[PDB]
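Step one of this worksheet: look at the structure below.
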Amino acid sequence: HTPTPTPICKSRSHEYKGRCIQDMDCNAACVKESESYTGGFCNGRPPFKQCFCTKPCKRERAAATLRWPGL
């Protein structure tokens, strides 16, 4: 159902993903860490916090949604 104007993907790194609670920082960390990722957010989960990066994936939606999904 057009979840976005473009295909967005997410991938975990191996440098700036251990101690971070600021999504803004985690974003610049990725875009600054590589050249393929154009974004990224930070999330705190066990055992320790982790950082996730985002990049301009391919395809469009590769799925559907339809109306009245349920309750």
Once Rh is set to the Kirkwood radius over Cα pairs, what Stokes-Einstein translational diffusion coefficient, in µm²/s, holds for the chain at a temperature of 25 °C and a viscosity of 0.890 mPa s?
-> 182 µm²/s
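May I ask you to list the GluC sites (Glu not before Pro) in the chain that are in a DSSP loop and have at most 15 other Cβ atoms within 10 Å of their Cβ?
15, 35, 60
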Among the DSSP beta bridges whose two residues both lie in the chain, what percent are antiparallel, rounded to the nearest 5?
-> 100 percent
Loop only per DSSP, at most 15 neighbouring Cβ atoms within 10 Å: give me the chymotrypsin sites (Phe, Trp or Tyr not before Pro) in the chain, ordered by residue number.
-> 48
Filtered pair list for the chain (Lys only, Cα < 13 Å, 8 or more apart or interchain) has a length of 4
Phi to ³J(HN,Hα) by Karplus 6.51 cos²θ - 1.76 cosθ + 1.60 over region 49-57, Hz, x for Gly, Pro | 3, 9, 10, 10, 9, 10, 9, x, 4
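For neighbour counting, all protein chains shown are included, and Cβ atoms are generated from backbone atoms with ideal geometry for every residue, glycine included. Every number here is computed from the coordinates shown, using simple stated rules; none is lab data.
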